[PDB]
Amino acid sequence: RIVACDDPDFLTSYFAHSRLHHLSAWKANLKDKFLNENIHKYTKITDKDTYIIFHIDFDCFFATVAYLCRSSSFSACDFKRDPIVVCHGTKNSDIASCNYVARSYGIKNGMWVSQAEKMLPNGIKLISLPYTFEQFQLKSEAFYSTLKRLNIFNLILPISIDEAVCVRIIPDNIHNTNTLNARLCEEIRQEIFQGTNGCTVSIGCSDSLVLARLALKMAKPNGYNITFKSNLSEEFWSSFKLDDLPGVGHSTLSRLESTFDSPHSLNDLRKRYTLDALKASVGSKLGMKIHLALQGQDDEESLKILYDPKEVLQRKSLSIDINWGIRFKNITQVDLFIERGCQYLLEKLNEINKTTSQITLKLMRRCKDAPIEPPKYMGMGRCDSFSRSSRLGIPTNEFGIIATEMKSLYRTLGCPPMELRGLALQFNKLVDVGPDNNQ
């Protein structure tokens, strides 16, 4: 039942098991579905519209669904009392999702099982459930079907398998109130709970995208929060960590902590920062984004999804990344893998009826001082990254052209096959295919 990377079935088996592959494939499908359902519609927010954002997201999605769908081997498992994770393995295996019991011990999505087990007091046992990928998708379908059926939103924007941004336009003749917004939140939560046979969503409700995201975090688990710009307070900002802000990850977090004397909440940050010191710390565009976010306001870039969702959701690149299980003995096997990847990508490219004029090969190579077999079974371990791109000239979907150039790109980066630990193949620029192809 084990498929090595030189086996023709490797890509199929890896993608079938990989949560992150599913995460990307689901999002791509939701994007395509939105564009197809709106090819002739012109559903979009205009400058004349005043809107409310309902940002809706499943609580511990994989853990909830895997629990509801668990096999009889786990019948006695208790979602409200047991710490529950979803993962493949037993040690250096990622926790895809953990329930809020597990989180009360400090366990987080993305931790290794080995790390999470150590956070449990003696006598407390971690419950590890398998993935149920098809049921994740079915629950998502129920989610999106329910959102449409409620007929309360002018625009429903897919964010992910378990998350959507739902926009309600308020006519100027209508007096919106907290009570009406609360009743809509409760309707949404109950209808999704029924429609999904027991999954919970939380909801952030506001007059900006960024505040609706923060409200969502405040609402979790299994709740809703309504915080409009009018309602902003010190109590609100004091409730969030710095990387609760959209666009702030670990690297930006570290830079903000170094620049502003280790702020411990968004309130700390907003009382200490200056716009200029903030652009200097994290960059001009991200600095302006954060500055606006601390006023509860969206930046120009984030607003594009409301005003032109078709262009924001339109796919502009196509790629695969395989950075697990990569163990090749020679260049012949590397070349065959590149060919299989190009075949896979060209199927995707032909499905969307496009050609490509620029491609990229990226690789991960074992660091010179890193063990040949890393801590994580079949992991890439510590690696150096290399990337090179090539303009094709004539846009094409021809395997011969693209695969030959990808294999040449690999040659130019000089990685010995045995040192290779990861490969990415990218079609960076896509070109339409029209009815007129006479030259």
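Superpose the two forms; the largest set of C-alphas matching within 1.5 Å is the rigid core. All residue numbers refer to positions in the sequence shown, first residue = 1.
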Taking the root mean square of C-alpha distances over all structures and residues in 9 other deposited structures of this protein, with a rigid core superposition, name the larger of 365-373 and 147-155. 365-373
Core-aligned, which moves more in 9 other deposited structures of this protein: 87-95 or 164-172, by CA RMS? 164-172
Hey, which bit's got the bigger mean C-alpha B factor in the entry, 299-307 or 115-123? 115-123
Between 338-346 and 266-274, point out the one with the higher average CA B-factor as the PDB entry records it. 266-274
By the entry's C-alpha temperature factors, tell me which of 128, 160, 176, 319 sits highest. 176
Reading the B-factor column for Cα atoms of 99, 227, 233, 146, the highest value belongs to 233
For the chain shown, is the CA B-factor of residue 5 in the lowest, middle or highest third of its modelled residues? lowest
Residue 73: CA temperature factor from the record, placed by chain third, in the highest
In terms of the CA temperature factor given in the entry, to which third of its chain does residue 42 belong: lowest, middle or highest? highest
State the tercile, meaning the lowest, middle or highest third, of residue 324 with respect to the CA B-factors recorded for its chain. lowest
By the recorded C-alpha temperature factor, relative to the other modelled residues in its chain, which third is residue 415 in? lowest
